[PDB]
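Working notes, structure below.
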Amino acid sequence: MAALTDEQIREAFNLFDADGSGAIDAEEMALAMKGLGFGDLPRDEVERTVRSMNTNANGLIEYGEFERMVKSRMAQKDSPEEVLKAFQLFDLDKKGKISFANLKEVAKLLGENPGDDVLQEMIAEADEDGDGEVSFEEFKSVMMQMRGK
């Protein structure tokens with residue numbers, strides 16, 4: 001019915017819009033994040049997010065493209081338990097050795113159209129585990145570490 005992600009994006013857009021302005025700039029986004037003291041991302045994440053959402057650098061951000069983008073990147077990510085069970089079923093064991101190609105095919109087969117940046121970045125991170133290998137164990141571990149810390 002409803003996923004946590006939905007509530008997250010909903011509250012976010014609600015706060016940003018709360019300003020009562022026709023549009024929200026980067027300065028406002030940073031100020032809000034700081035005030036809440038939660039969800040503090042790096043500068044690179046801010047510039048990247050703005051670039052993706054705002055295709056045309058005109059010093060303004062659209063609400064439609066903003067929510068649309070956020071939902072796109074969020075669509076790729078899923079709950080911790082959901083992903084856990086999914087992997088367990090896909091593989092009873094934990095070899096952590098799977099060709100990136102196979103993973104891509106499976107993703108596209110699911111009907112998901114994530115951002116290219118998420119694909120290259122994902123493989124890059126998982127690749128750190130070894131040399132040309134994709135270990136889901138690494139990703140999962142990272143997610144858990146973040147949730148806790």
Checklist outcome for this item: Only one of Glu81, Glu121 is exposed (fewer than 11 other Cβ atoms within 10 Å of the Cβ) and free of Cβ contacts under 8 Å to residues at least 24 places away in the same chain, namely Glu81
Next on the checklist: When you check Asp91 against the structure, is it of a type in the set (D, E, K, R), over 19 Å from the mean Cα position of the chain (by Cα) and surrounded by 14 or more Cβ atoms within 10 Å (Cβ to Cβ), yes or no?
Outcome noted: no
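Specify the residue that is surrounded by the most Cβ atoms within 10 Å (Cβ to Cβ); the eligible residues are those in the range 13-36 that are outside any loop (DSSP other than H, G, I, E, B) and among the acidic types (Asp, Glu).
Going residue by residue through the range 13-36, those that are outside any loop (DSSP other than H, G, I, E, B) are 13-18, 26-36.
Those left that are additionally among the acidic types (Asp, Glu): 17, 27-28.
Details: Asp17: 12, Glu27: 8, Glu28: 15.
My answer is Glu28.
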Checklist entry - Inside the range 129-149, can you point out the residues that are over 15 Å from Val83 (Cα atoms), out of contact with any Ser or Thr (no Cβ under 9 Å at 6 or more places or on another chain) and charged (D, E, K, R)? => result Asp131, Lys149
Next on the checklist: Restricting to the range 37-62, count the residues that are in contact with a helix residue (DSSP H, G or I) (Cβ under 7 Å, 6 or more places away or on another chain) and either of a type outside the set (S, T, N, Q) or assigned to a helix (DSSP H, G or I) (or both).
Outcome noted: 7
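When we count neighbours, we look across all protein chains shown, and the Cβ atoms used for this are built from the backbone with ideal geometry, even at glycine. Values in this text are rule-based calculations from the coordinates and carry no lab data.
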